[PDB]
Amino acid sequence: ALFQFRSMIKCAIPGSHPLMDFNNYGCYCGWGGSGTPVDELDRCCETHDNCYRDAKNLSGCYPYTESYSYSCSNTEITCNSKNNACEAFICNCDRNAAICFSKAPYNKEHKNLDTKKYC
């Protein structure tokens, strides 16, 4: 679920403030997304968007509100192998996005980008 995602980013990147750092970044980070990703981080985002999109293909699979089971044995995220298909899928989308964010450059010039004009 969305609340669990927030925490998972914290696991992977301990000194992050997910809502402040990751939301409203590039053309894709945050609710919605269009155009071409401005950079590496943005692409991380667009791939999560698309990951969620493939999920709404599992019957009754709603990514924003589907709670799964996961753990953090520090910086390392583990998706419970016991999650149902839907929960598993979504956990993967989230885990991947978290690791992707942790390994990508962060351009301050892309934070709160003018989407109507650069997207």
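Note that residue numbering follows the sequence shown and begins at 1.
On average the C-alpha atoms of 69 to 77 have higher B-factors than those of the other stretch, with 25 to 33 and 69 to 77 being the two compared. Comparing 104 to 112 with 91 to 99, the stretch with the higher mean C-alpha B-factor in the PDB entry is 104 to 112. In this PDB entry, residue 39 carries a Cα temperature factor that places it within the middle third of its chain's modelled residues. Annotation for residue 51: CA B-factor lies in the lowest third of the chain's modelled residues. Annotation for residue 58: CA B-factor lies in the highest third of the chain's modelled residues.
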